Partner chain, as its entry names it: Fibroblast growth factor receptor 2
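Heads up, the chain below is alone and in the form solved without its partner chain; it's given as structure tokens.
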């Protein structure tokens, strides 16, 4: 396996899953909580896992991102390759809704409802770390 940073184009923050379940974004490339394991359950279905805490990215019924201690339906994301090398991630559990993983410009998480295709918020460049 290979860990990766996920660099949000909106604002320029790496996706971060804090130990408390809080998901936001930091510009600190040293941050321990931005190293992420991607693993494909099925072809276009990934889990995004913290290599420090072993927590999985998830999205709840309101569209808030959290860190789940154990994988579940809420942690499956559909990964699509975009136009200039960036990926988008839409909640499997909420795909009929087009709820995307996204971060605000201030590096806070954008709830799934506030998301739409064409936003820079939802664009993540995977970078192989080191």
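So that the term is clear: the rigid core is the largest set of C-alpha atoms that superpose within 1.5 Å between two forms. Residue numbers count along the first chain shown, from 1. Residues that one form lacks are left out of the comparison.
Note that the form deposited with its partner chain bound isn't included here; everything after this is about it.
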**Request:** Check whether residue 92 has any heavy atom within 4.5 Å of a heavy atom of its partner chain in the bound PDB entry, and answer yes or no.
**Result:** no
**Message:** At 4.5 Å, heavy atom to heavy atom, what parts of 45-84 sit next to its partner chain in the bound PDB entry? List them in sequence order, or say none.
**Reply:** 84
**Asked** Considering only residues present in both forms, which runs of at least 3 consecutive residues have all C-alphas displaced by 2 Å or more between this form and the one not shown after core superposition?
**Response** 83-85
